[PDB]
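> experimental structure and sequence below.
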Amino acid sequence: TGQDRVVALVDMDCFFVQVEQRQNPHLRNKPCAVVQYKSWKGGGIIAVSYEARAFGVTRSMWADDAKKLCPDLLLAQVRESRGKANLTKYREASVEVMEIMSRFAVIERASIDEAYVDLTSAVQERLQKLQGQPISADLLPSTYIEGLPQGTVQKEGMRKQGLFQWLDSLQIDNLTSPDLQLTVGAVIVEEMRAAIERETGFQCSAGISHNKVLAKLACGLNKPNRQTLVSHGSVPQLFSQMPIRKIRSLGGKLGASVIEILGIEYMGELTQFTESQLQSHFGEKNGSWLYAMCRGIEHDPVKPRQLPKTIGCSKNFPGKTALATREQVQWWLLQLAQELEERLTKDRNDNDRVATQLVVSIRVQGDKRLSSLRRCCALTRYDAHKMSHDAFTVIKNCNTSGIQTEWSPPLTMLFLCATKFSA
DNA sequence: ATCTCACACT
DNA sequence: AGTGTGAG
Ligand SMILES: Cc1cn([C@H]2C[C@H](O)[C@@H](COP(=O)(O)NP(=O)(O)OP(=O)(O)O)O2)c(=O)[nH]c1=O
Ligand SMILES: [Mn+2]
Ligand SMILES: [Mn+2]
């Protein structure tokens, strides 16, 4: 019943904000945000401290408008190189945190600031080492048990009541107990998070459950600077009022279609349907996935992959800034290829691998789709001038304009991506 | 006028 | 190999 693994998800709190607060002490414990391309309406916000969220500041907001909502908002700007945002500082801090997490167990890098952890073997080790010894609440100073307490008005008071109920109810005698395994997982995650904060300064949240989807959902339940354990038995109560769209992979069109076709709102309602009924509407794979997921069962593995499988660089050119001349297209392809060259040379030196295929993608003014065209070619020698020339070669036939010097329709996006790594 | 990543089809 | 989808 989806209890074969113990999986955690560790996600950093306001990651880019914490990076900037580490760098600049003036930003600590203040409402602040990270910004991009300041000239247009003060820049687009990409990260927001929890103090700023209390005022209603959100990501994707223009900085000028956030300043309208939060006049004391402090701002840190993403580095800009070659006319575009440069995330090196955050990638390096991410690597720092991934390296600390890698000492405890195999991790799967799920984004710049979160990784999944398969803790099964660590749990087995810690249960044989920790033979029948009771687990003290002191080992879980920041852990919430979702669904408890049940059956007095402060947040931490409730947390402690729930943790006491949890440890009181389940015994260490049977070491195949899923709930005990989850609890040992949570102890390990407390240790991991303490190590991360000690060695980097960054605080983070985590979810501990039996699979990746529940771990991700749990992590968000008690942000920030806390962790949440979602037990198998907690799933029905958790899911009974949990919107479908909150579940990983159901936040888009498929989730909307599940809501529309089945006439439900919450994840638990999926349980009433048989597997073959769900496979009828959503296909064998989606039907079986929904059928298992709504009961708290998921098998997607924590992949042993800390490093990205591709290295890409994209820039949009919206509205009047769209690229309309051949000279413009070649210059921006060069800029993208130069950043790509830097990141690729560093990647080969750090990670002992080389990309062998270059993917070029563009968008044309008018196309509603994010990408209009994607093509490929050989990738050799990590040379920005060569890569940019090859990209121009592979897209040049897309220029409708009869005049060679002009490009039409204007380009609203450029994308270079290195793929197909070899040792 | 909000950029990277993954993977499932075909 | 190219498109659509989901996410963070
Ligand atoms: C959704 C999104 C996130 N990010 C960055 C901002 C975050 O710093 C980083 C981590 O994603 P997140 O964990 O979902 N958000 P957060 O890390 O800022 O904060 P928290 O984990 O919710 O506390 O991803 C983007 O750069 N473009 C985006 O569209
Ligand atoms: Mn985060
Ligand atoms: Mn994240």
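Done, it's in. Residues are numbered from 1 along each chain as shown, chains lettered A, B, ... in the order given. Ligands and ions are numbered 1, 2, ... in the order given.
> tell me the residues on the stretch 301-423 of chain A that lie near DNA strand C, please.
A:357, A:369, A:370, A:371, A:373, A:374, A:375, A:376, A:420 (CB under 7 Å from any atom of the strand). C-betas here are computed from N, CA, C, even on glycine.
> which of the residues you listed fall within strands?
The strands, defined by DSSP state E, take in A:357, A:373, A:374, A:375, A:376, A:420 from those.
> and the one residue in the stretch 151-300 of chain A that gets nearest to ligand 1, how far from residue A:160?
Ranked by CB to the nearest ligand atom, the top residue of the stretch 151-300 of chain A for proximity to ligand 1 is residue A:223, at 5.4 Å. Using CB to CB, to the nearest Å, we find residue A:223 at a distance of 19 Å from residue A:160.
> kindly report the same for residue A:38.
45 Å.
> equivalent analysis for residue A:53, please.
Note on residue A:53: its distance to residue A:160, by CB to CB, is 26 Å.
> re the thing from before, the residue of the stretch 151-300 of chain A closest to ligand 1 against residue A:53, yeah?
No. Taking CB atoms under 8 Å as the definition, residue A:223 is not a contact partner of residue A:53, at 10.0 Å.
> now do the helices in chain A.
Under the criterion DSSP state H, helices of chain A are mapped to A:15-23, A:50-53, A:63-69, A:88-102, A:120-129, A:155-169, A:178-200, A:212-219, A:235-239, A:253-262, A:275-293, A:326-351, A:384-395.
> go through these and pick out the most buried.
helix A:212-219 (a mean of 25; mean count of other CB atoms under 10 Å).
> contacts for it, please.
Under the criterion CB atoms under 8 Å, 6 or more residues apart in numbering, residues A:7-11, A:114, A:116, A:146, A:205-209, A:227-230, A:235, A:238, A:242, A:246-249, A:293, A:296, A:298, A:300, A:302 lie in contact with helix A:212-219.
> and for stretch A:74-92?
With CB under 8 Å, 6+ apart as the criterion, stretch A:74-92 contacts A:15-17, A:19-20, A:23-24, A:26-27, A:30-38, A:43, A:46, A:63, A:112-113, A:313, A:315, A:332, A:335-336, A:338-339.
> what does stretch A:309-321 give?
For stretch A:309-321, the external contacting residues (CB under 8 Å, 6+ apart) are A:83-84, A:323, A:332, A:335-337, A:339-340, A:343-344, A:347, A:355, A:359, A:361, A:363, A:410-419, A:421.
> what does the stretch 101-250 of chain A put close to ligand 2?
residue A:113 (CB under 5 Å from the ion).
> near DNA strand C, which residues of the stretch 101-250 of chain A?
Counting by CB under 7 Å from any atom of the strand, the residues of the stretch 101-250 of chain A close to DNA strand C are A:110, A:111, A:112, A:113, A:114, A:216, A:247, A:248, A:249, A:250.
> swap the cut-off to 10 Å and go again
By CB under 10 Å from any atom of the strand, the residues of the stretch 101-250 of chain A that approach DNA strand C are A:110-114, A:116, A:212-213, A:216-217, A:219-220, A:244-250.
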